[PDB]
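Before any questions on how it binds or moves, here is one chain, the form deposited in one PDB entry, in structure tokens.
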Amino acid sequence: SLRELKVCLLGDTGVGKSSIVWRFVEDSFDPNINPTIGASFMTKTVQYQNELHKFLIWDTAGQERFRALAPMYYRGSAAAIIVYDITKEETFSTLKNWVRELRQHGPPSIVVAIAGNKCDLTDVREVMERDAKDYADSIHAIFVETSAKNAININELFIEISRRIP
């Protein structure tokens, strides 16, 4: 048996959406990765208990000219991963806007996950873990501080999704 799970990544440009997906699927990291144009699609199948979860992963362009396309991506998604950058408070401040948009226009029972990415960059941290954790908890979302660079909580993010899908 095999279970298809559409997952979309949402967030401001530069937060590491593509790097998260590349690390999960291709097990690689590129400091020189270019901004996404349109969307990138990758897939990985993982054993969860007695089933196989085939993640159909939509890596969306964060650049504002692509925002209008977002509804196309979250439609039919089993989960949404909203990514911010722990070194830029602006991307966290903005988190509520992404959540709002997913509340207002997304599927009724989507699994929401919040990823605080670039957690390897601790010296220049701007978003305290506790504050982002508190927020994720308040909306009953999955939360992890991730690093695509160091492979911190990348698999764990998708494991939490596997646990919480119906």
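Numbers for residues come from their place in the sequence shown, where the first is 1.
Visitor: 94-102 versus 109-117: which one carries the higher mean Cα B factor per the record?
Guide: Averaged over C-alpha atoms, the B-factors run higher in 94-102.
Visitor: Do the CA atoms of 157-165 or those of 1-9 have the higher mean B-factor in the entry?
Guide: Taking the mean B-factor of the alpha carbons in each, 1-9 is higher.
Visitor: Sorting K133, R67, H140, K54 by Cα temperature factor from the record, which one lands on top?
Guide: Across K133, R67, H140, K54, the entry lists the biggest C-alpha B-factor for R67.
Visitor: Classify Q63 as lowest, middle or highest third according to the C-alpha B-factor given in the PDB entry, relative to its own chain.
Guide: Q63: CA B-factor falls in the highest third of its chain.
Visitor: Can you tell me whether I82 has a C-alpha B-factor in the lowest, middle or highest third compared with the other modelled residues of the same chain?
Guide: It falls in the bottom third of the chain.
Visitor: Looking at the temperature factor on the CA atom of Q49, which third of the chain's modelled residues does it land in?
Guide: Tercile = highest for this residue's CA B-factor.
This next part talks about the form deposited with a partner chain bound, which is not shown.
Visitor: Closest heavy atom of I139 to the partner chain in the deposited complex, within 4.5 Å or not?
Guide: Residue-level check for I139: no, no contact with the partner chain.
Visitor: Under a 4.5 Å heavy atom criterion, is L121 part of the interface with the partner chain in the deposited complex?
Guide: Heavy-atom contact with the partner chain at 4.5 Å: absent for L121.
Visitor: Could you confirm whether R103 comes within 4.5 Å of the partner chain in the deposited complex, counting heavy atoms only?
Guide: It does not: once the partner chain is placed as it appears in the deposited complex, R103 has no heavy atom within 4.5 Å of it.
Visitor: Could you tell me if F66 has a non-hydrogen atom within 4.5 Å of the partner chain in the deposited complex?
Guide: Yes, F66 sits close enough to the partner chain in the deposited complex that at least one of its heavy atoms falls within 4.5 Å.
Visitor: Quick one: from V46, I33, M128, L56, grab the residue that has a heavy atom within 4.5 Å of the partner chain in the deposited complex.
Guide: Of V46, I33, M128, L56, the residue with a heavy atom within 4.5 Å of the partner chain in the deposited complex is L56.
Visitor: Since the chain is shown here on its own, which stretch among 113-121, 34-42, 128-136, 93-101 would lie within 4.5 Å of the partner chain in the deposited complex, judged by heavy atoms?
Guide: It is the stretch 34-42.
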